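Report on one structure; see the data block that follows.
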Ligand code: NI
Ligand code: NI
Ligand code: NI
């Protein structure tokens, strides 16, 4: 019973606040200004950033024309903070920043005051779900969907009960507050020209869901005070503004901010280029590239493509040629390049840069070189490079963080951390960043939205990963719903995997056509579209036709391994030994120092070690040395040995005369084997003993016929898979490539239960390990409701994510990533030295843990960073609090100080942790 009189309808919109300053900044930003800012950011996104296919698709989903869909999207995005016009939010002010002035200001307007609290986004959902219908004429489902999606902007879309049951009425207010919000919303809509345009339809769940990500990003752009200064110079006075002129200035500011981010202006300027043109360095295209070039002329706008060729065949140029065809011919301006988990992004960027120069004006040089990167080195150089190049946020009022500056920090991690690579139209990063889009994590919809504008290339997919997890399948479903073109690259996939992946993308795209996948010989390119489903075989390159000698080194021989290496390398040659874990690599290297004490031509020892567990600058040094020795253009040593973990297995473009590896799932052993004699140019200079390729696998202890895998390998990989791999490999003397790649992988995963007629204990090991594996998969399937987001076909906008909603901000990497086995759980730590006056840099300045670092000091700290993953110290390290200055820093939030003494020792739980100049971080028992 709240009849508002005309005096109540008067109100004056500008009195309400959305942002407020703290200390040096005494000013504040009116809510109508903020809504106009986010709407302006949305308009400029529509006009200068978003790819044409995305605009056409979303306009079609909305059922209206493009200008109309644009103005309405700007309306919803601007309307994201309408819930701030409540007593609960307006009264939030600190007394020292003038809460009383605002209180008198609202009291003069006749607005009732209540001290009840509620997050403003939930309030926004609660008001929009009715007002968007009763006033603006949207259907109730449309109003509801927009209300929830828009109301989720701070991290999670609200649960149904939060909006429609558990929300206190005093927090929202009614009568006068409804009239005030109606006035703000109407002035917003009039500023964007909504009357009397045709009403949009927003009843598609997946689309509303990623649109929430668009809203969050537009709010982040609107939160940069450098580009969006607060309109009110003081708490004492209310600005007298014109909404239209302010919208114009807001549009200029939005264009400037996004220009600073490098989001403009990627105009393809067609164009219609062949593969030799985009990649001049190649002479004769490889057969896979030729088949892709032939495929390119008929590819459909929403489609999935799977490319299976032996490693070194150049699948990436084919993939990029396809993405280029998508951008030029199908309006998909943009691409995310999803590199393998262990892979560093580093070597890959330059290729993308070169492709960009051949398609875009040299403005590329001003943009991607800073922005498409996710590697830490780009962040370091960007920090060293004056001026303040890092985009910065303030006044992000996240409900479940202590304060708005903390919310601004957590939101600004999107411009500091590796996930930043998602944002730009072109970006290169880890596949994990894309895979997170289907986890129940904060701002998943932001990841769905960032992916929604690009074609997606998944580099180096392994059979083991698509067998052990469903992450890629789910992501493919969501990508299919959002009409995102996808190219998956792999050395080989079992047919069941190709089928389930293509079926996942098709299931997401709604392709009701059910007709079968066409079988084709390896190597091959599978392809699928609406009316089209192809399977194209092509001939392997003659260079791919090799015989690889296979050799086992058993447990009794395992310390003769140094001797076997000595005889094999007596005439020199480059050799690599891939261990499955860091401790195994450190141990093997330490054992190997006696056998190879010599110095290489680069002035560094011929024996070398490479793994991720080093402070980052040391990683840079060791990696530069490794690339310097074993890369295709590198100065190849007469003799060198590299002990390394799987960071070599998936990243660097290396070539070795001899390969040794721990037993692993066969696709991974083959992937490691792809570095063996990788570059033909090195052939003439190879030592005579090593001219015929050889793969040594370290044999497990064998009791009778029953293998006993080492604990580290058993912990890293599924043991049944290790067993199947060992069974498939043990009798072999010679591998016949290309064909043995697909043959071995198909044998290990795809189907055959082959005990082969052996001991009862071996059979028991088979059945037991298989039972454990299946129990793991089944347990992940039953627990899926607590881990994965709902698929695209889910009935309602609410409940796509349920728990731990708005915590905030819940993992993410330490927890959910591990349970879904997206990646190993880990702790980020900064290595420092002990001393009075607190922790120090190694040379030798004191560190202030109590205050956030400046960009230079943060650069120095990040140089000391390392990602600990060893299980023994992981928990005790997490028990160490993140220092209060670091938690208020977007650059260093989540990092843990790790203070070694003068001896390089530090106590961590029951364990000694040691910083070794040769070994890197070493965990050992006292
Ligand atoms: Ni908000
Ligand atoms: Ni906002
Ligand atoms: Ni906000």
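Where residues in the range 621-640 are touching a helix residue (DSSP H, G or I) at 6+ places or on another chain (Cβ under 7 Å) and crowded, with 21+ Cβ neighbours inside 10 Å, which of them is farthest from residue 677 (Cα to Cα)?
So the residue we want is 640.
Among the numbered criteria (1) surrounded by fewer than 17 Cβ atoms within 10 Å (Cβ to Cβ); (2) in contact with a strand residue (DSSP E or B) (Cβ under 9 Å, 6 or more places away or on another chain), which one does residue 884 miss?
If we test residue 884 against (1) surrounded by fewer than 17 Cβ atoms within 10 Å (Cβ to Cβ); (2) in contact with a strand residue (DSSP E or B) (Cβ under 9 Å, 6 or more places away or on another chain), just (2) comes out false.
At least 3 residues that are within 16 Å of ligand 1 (Cβ to nearest atom) and within 16 Å of residue 184 (Cα to Cα) in each: list the helices (runs of 4 or more DSSP H) lying fully within the range 1-104 that qualify.
31-48, 66-78
Which pairs turn up if I take residues in the range 209-225 that are in contact (Cβ under 8 Å) with a residue 24 or more places away in the chain and over 12 Å from residue 34 (Cβ atoms) and look for partners that are assigned to a helix (DSSP H, G or I) and within 11 Å of ligand 3 (Cβ to nearest atom) with beta carbon separation below 9 Å, at least 6 apart in sequence or on another chain?
Taking only residues 6 or more apart or on different chains, the pairs are 215/38; 215/80; 216/80; 216/411; 220/411.
Scan (1) within 16 Å of ligand 2 (Cβ to nearest atom); (2) in contact (Cβ under 8 Å) with a residue 60 or more places away in the chain for the single condition residue 61 breaks and write down its number.
Of the numbered conditions (1) within 16 Å of ligand 2 (Cβ to nearest atom); (2) in contact (Cβ under 8 Å) with a residue 60 or more places away in the chain, the odd one out for residue 61 is (1).
List the number of the failed condition for residue 834; all other conditions in (1) touching a strand residue (DSSP E or B) at 6+ places or on another chain (Cβ under 8 Å); (2) surrounded by 15 or more Cβ atoms within 10 Å (Cβ to Cβ); (3) in contact (Cβ under 8 Å) with a residue 60 or more places away in the chain hold.
(2)
Without any contact (Cβ under 8 Å) to a residue 40 or more places away in the chain, away from ligand 1 (no atom under 16 Å from the Cβ) and part of a loop (DSSP other than H, G, I, E, B): does that describe residue 110?
In short, no.
Among the listed residues 864, 821, identify the single one that is in contact with a helix residue (DSSP H, G or I) (Cβ under 8 Å, 6 or more places away or on another chain) and at positive phi.
None of the others qualify; the one that does is 821.
Within the range 2-31, how many residues are more than 14 Å from ligand 3 (Cβ to nearest atom) and over 16 Å from residue 110 (Cα atoms)?
Residues meeting the conditions: 7.
What number of residues within the range 355-377 are free of Cβ contacts under 8 Å to residues at least 24 places away in the same chain and either assigned to a helix (DSSP H, G or I) or assigned by CATH to the domain that holds residue 620 (or both)?
Matching residues across the range 355-377 total 4.
Okay, residues lined up against (1) within 16 Å of ligand 3 (Cβ to nearest atom); (2) in the same structural domain as residue 396 (by CATH); (3) part of a loop (DSSP other than H, G, I, E, B):
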residue	(1), (2), (3)
153	yes, no, yes
157	yes, no, yes
170	no, no, no
184	yes, no, no
194	no, no, yes
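Confirm whether residue 18 is in contact (Cβ under 8 Å) with a residue 24 or more places away in the chain and within 16 Å of ligand 2 (Cβ to nearest atom).
Answer is yes for this residue.
When you scan the range 144-156, how many residues do you find that are closer than 11 Å to residue 211 by Cβ and within 13 Å of ligand 1 (Cβ to nearest atom)?
Number satisfying all stated conditions: 3.
If I filter the range 196-211 down to residues being away from ligand 1 (no atom under 16 Å from the Cβ) and in a helix (DSSP H, G or I), which single residue comes out as nearest to the chain's Cα centre (by Cα)?
Per the stated criteria, the residue is 210.
Please count how many residues of the range 128-149 are under 16 Å from residue 179 (Cβ atoms), touching a residue at least 40 places away in the same chain (Cβ under 8 Å) and surrounded by fewer than 24 Cβ atoms within 10 Å (Cβ to Cβ).
3
Could you check, for the range 150-162, whether at least one of its residues is more than 29 Å from residue 107 (Cα to Cα), touching a residue at least 60 places away in the same chain (Cβ under 8 Å) and surrounded by fewer than 23 Cβ atoms within 10 Å (Cβ to Cβ)?
yes
Go through (1) over 32 Å from the mean Cα position of the chain (by Cα); (2) under 19 Å from residue 699 (Cα atoms) one by one and return the number of the condition residue 763 breaks.
The one condition residue 763 does not meet is (2).
Tell me, which helices (runs of 4 or more DSSP H) lie completely within the range 612-680 with 1 or more residues that are under 26 Å from residue 865 (Cα atoms)?
Those helices (runs of 4 or more DSSP H) span 616-630, 647-650.
Take residue 129 and decide whether it is away from ligand 2 (no atom under 16 Å from the Cβ) and in contact with a helix residue (DSSP H, G or I) (Cβ under 9 Å, 6 or more places away or on another chain).
Spelling it out, residue 129 is indeed away from ligand 2 (no atom under 16 Å from the Cβ) and in contact with a helix residue (DSSP H, G or I) (Cβ under 9 Å, 6 or more places away or on another chain).
Any residue at all in the range 212-227 that is assigned to a loop (DSSP other than H, G, I, E, B), within 16 Å of ligand 1 (Cβ to nearest atom) and either surrounded by 21 or more Cβ atoms within 10 Å (Cβ to Cβ) or in the same structural domain as residue 364 (by CATH) (or both)?
Yes, because at least one residue in the range 212-227 is assigned to a loop (DSSP other than H, G, I, E, B), within 16 Å of ligand 1 (Cβ to nearest atom) and either surrounded by 21 or more Cβ atoms within 10 Å (Cβ to Cβ) or in the same structural domain as residue 364 (by CATH) (or both).
Any idea how many residues of the range 703-734 are in contact (Cβ under 8 Å) with a residue 12 or more places away in the chain, exposed (fewer than 15 other Cβ atoms within 10 Å of the Cβ) and under 25 Å from residue 576 (Cβ atoms)?
Number satisfying all stated conditions: 3.
Restricting to the range 510-542, what's the tally of residues that are more than 25 Å from residue 728 (Cα to Cα) and in contact with a helix residue (DSSP H, G or I) (Cβ under 7 Å, 6 or more places away or on another chain)?
Qualifying residue count for the region: 9.
Out of the helices (runs of 4 or more DSSP H) lying entirely within the range 398-485, which hold 1 or more residues that are in contact (Cβ under 8 Å) with a residue 24 or more places away in the chain, within 16 Å of ligand 2 (Cβ to nearest atom) and more than 26 Å from residue 310 (Cβ to Cβ)?
Once the helices (runs of 4 or more DSSP H) in the range 398-485 are filtered for at least 1 residues that are in contact (Cβ under 8 Å) with a residue 24 or more places away in the chain, within 16 Å of ligand 2 (Cβ to nearest atom) and more than 26 Å from residue 310 (Cβ to Cβ), what remains is 404-416, 444-452.
Consider residue 539 carefully, then state whether it is part of a loop (DSSP other than H, G, I, E, B), within 23 Å of residue 322 (Cβ to Cβ) and over 33 Å from the mean Cα position of the chain (by Cα).
Spelling it out, residue 539 is indeed part of a loop (DSSP other than H, G, I, E, B), within 23 Å of residue 322 (Cβ to Cβ) and over 33 Å from the mean Cα position of the chain (by Cα).
Is it the case that the range 89-96 has a residue that's within 14 Å of ligand 2 (Cβ to nearest atom), crowded, with 22+ Cβ neighbours inside 10 Å and farther than 20 Å from residue 248 by Cα?
Yes, the range 89-96 has at least one match.
All of this is worked out from the model, or read from it or from the source named; nothing here is a laboratory result. Cβ atoms come from the backbone with ideal geometry, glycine included; neighbour counts cover every protein chain shown.
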